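Here you get one chain, nothing else, as structure tokens; it is the form solved without the DNA.
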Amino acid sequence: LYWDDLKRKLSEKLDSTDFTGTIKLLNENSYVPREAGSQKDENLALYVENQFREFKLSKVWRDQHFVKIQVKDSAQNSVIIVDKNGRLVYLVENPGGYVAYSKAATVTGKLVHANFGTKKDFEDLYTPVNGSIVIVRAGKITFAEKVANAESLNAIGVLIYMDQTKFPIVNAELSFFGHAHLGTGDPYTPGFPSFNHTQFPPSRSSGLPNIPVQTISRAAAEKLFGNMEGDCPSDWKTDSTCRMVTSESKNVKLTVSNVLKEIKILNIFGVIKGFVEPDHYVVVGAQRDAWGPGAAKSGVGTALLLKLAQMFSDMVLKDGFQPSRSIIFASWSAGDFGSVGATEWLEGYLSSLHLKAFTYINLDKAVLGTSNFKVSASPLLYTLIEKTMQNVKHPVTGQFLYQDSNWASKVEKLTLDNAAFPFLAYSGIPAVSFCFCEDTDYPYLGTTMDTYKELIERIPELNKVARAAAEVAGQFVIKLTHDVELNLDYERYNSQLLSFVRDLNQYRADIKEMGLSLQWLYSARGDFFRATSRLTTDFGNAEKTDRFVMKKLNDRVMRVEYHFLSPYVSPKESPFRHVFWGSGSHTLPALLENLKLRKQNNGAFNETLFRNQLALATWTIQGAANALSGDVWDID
């Protein structure tokens, strides 16, 4: 069968599959709420596993992890206003929700607003935060980052609220959940799997905060603002009731209590084995767990997982679809605590995944609205994405998704809370995440109002929209597994390299003052460019029929993402080793961060660090070009 045949069969299955019904079913009482490792999470895990069996997939299996999670306990979580002596003035709130991995502690101090708690928000404040409590609005960055930023400026605790403007919620009393681990995975098995075989040694993640953090209602936030002075910058665009700093006599005391529980979590898997190279595979993944009912958070994605696995199984069993490479379907737990189930799988089976898993597709929050189609991914996937948007139609308008020629230059990189992030940044598996989306965040995420009722009321076209999410991901699967080319565009890294060199070129004076040079970086970027041209030439001249020469060429494509994983750092201590998309002092952004500080001239710049960064970034790029180029003896 040809691409056209497979596209139509998919279109058909799609036309008949019932998306809203699947989502409605996942919102039933047996599955709600479904905090990771809870009875109801387990119930949904068994459902999903049993469905996979019914679909008659090549193989259905499960992994079990025991992970440590700090959760709300029976004691008081409270924020109260306190006169300058400690005497109660007013209880503000006993919040319903919590922030996992918060420090358990009670702290008292001034309250200072820091907008979203970005580094620049902190830079631009007139009020100093040293020794005071911070209040920040949800949005823009993760809770974990908000807290880390605050803690780095010696703040003593954090409050998070949803402002009316950015989050138009009628009910002002609404609670909400999240976590503050600056990381993914079980914080207590950093860089290795949460399996009994490890016997759980003492080991703690650098990403754990050391101050307390708590979510509060808008009601609560307003009560606090009524004890505070200073108009919030209008460029914050928050509500009028916003204020910046506690009045002179007034403190606030934050008390949070939690307990560290060992929790059993389940990842549920099926595979459709490939027909030619079954040992290579794509992975398709969705978070199953959530605080609250999690219709948008987890149900939409889980529904897509199910229907995709079903349709693909029909296509193979009935319409003669023969993918050359395999397809794994993964239903993850403890996504709500930082992609924990996914991360532990990656850490557990890295040796099995290496150069075998060649792409990951995430399904979480694929439907939040209908206005925009937004995507984040490895550059390796951009072309596939482009082709898919040019032939898939918007569910509301009837028009193709590809409206914007320059879309690729506006893509934001995967962030810490997206489960695709570890796939790319840690294991170096090209990954993609995508959504139908508004300009607003979907406001019920992490709340008890994330229900089917709310979702369909807000998105009446849900079924058509979900159908369109499914078609995007299904086309990815087919293009990725069916052909004898991979649809991984290595040439996309040339413009990433240009961007990097261009940014660095701004600091040529600093380089010159240090007696350093950009020649070798320039030269390595040229080597990478030439290596991609040769490879594309080899593809053009290949006997497509000839499976050996096609395997040789394709295996070179399958090493590209990997070779951007820094080989110089400890994967245990710095797991996001990808020099482009990862985190830490080995990345390319970090190198610029440091060098920028030289103009600042504050003794913030670390020259020894920067010299080592430049060396290793240079060689990582050069080494990638060299390897892409062919055999050792053929390098110039």
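In this text, residue numbers run from 1 along the sequence as written.
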Worksheet item: On average, which has the higher Cα B-factor in the deposited entry, 436-444 or 559-567?
Response: 436-444
Item to complete: For the higher mean C-alpha B factor in the entry, choose 87-95 or 306-314.
Response: 87-95
Item to complete: Report the option among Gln199, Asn267, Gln390, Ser499 whose CA atom has the maximum B-factor in the deposited record.
Response: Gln390
Worksheet, complete the sentence: The residue of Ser533, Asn418, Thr189, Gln403 with the maximal C-alpha B-factor according to the PDB record is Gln403
Discussion item. What third of the chain does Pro193 rank in for C-alpha temperature factor, lowest, middle or highest?
Written reply: lowest
Discussion item. Quick check on the deposited entry: does the C-alpha B-factor of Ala180 sit in the lowest, middle or highest third of its chain?
Written reply: lowest
Worksheet item: If you rank every modelled residue in this chain by C-alpha B factor, which third holds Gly341: lowest, middle or highest?
Response: lowest
Worksheet item: So where's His354 on the chain's Cα temperature factor ranking, which third?
Response: lowest
Worksheet, complete the sentence: In terms of its chain's C-alpha B-factors, the third that includes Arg577 is the lowest
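Just so you know, the form deposited with the DNA bound exists too; it's not on screen, but the next bit is about it.
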Item to complete: Sort through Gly320, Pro128, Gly86, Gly526 and report the residue having a heavy atom within 4.5 Å of the DNA in the entry with it bound.
Response: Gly526
Fill in: the DNA: the contacting residue among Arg508, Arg547, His354, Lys119 in the entry with it bound [heavy atom, 4.5 Å]
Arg508
Worksheet item: Might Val411 be said to contact the DNA in the entry with it bound, defining contact as any heavy atom within 4.5 Å?
Response: no
Discussion item. Taking any heavy atom pair closer than or equal to 4.5 Å as contact, tell me whether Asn494 reaches the DNA in the entry with it bound.
Written reply: yes
Item to complete: Determine whether any heavy atom of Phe400 comes within 4.5 Å of a heavy atom of the DNA in the entry with it bound, and answer yes or no.
Response: no
Discussion item. Contact with the DNA in the entry with it bound for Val396, defined as at least one heavy atom pair within 4.5 Å: yes or no?
Written reply: no
Discussion item. Just to confirm the contact call: exactly one of 447-455, 482-490, 509-517, 93-101 touches the DNA in the entry with it bound at a 4.5 Å heavy atom cutoff, so which is it?
Written reply: 509-517
Discussion item. Does the DNA, in the entry with it bound, lie within 4.5 angstroms of each residue among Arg502, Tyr522 and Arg530, using heavy atoms as the measure?
Written reply: yes
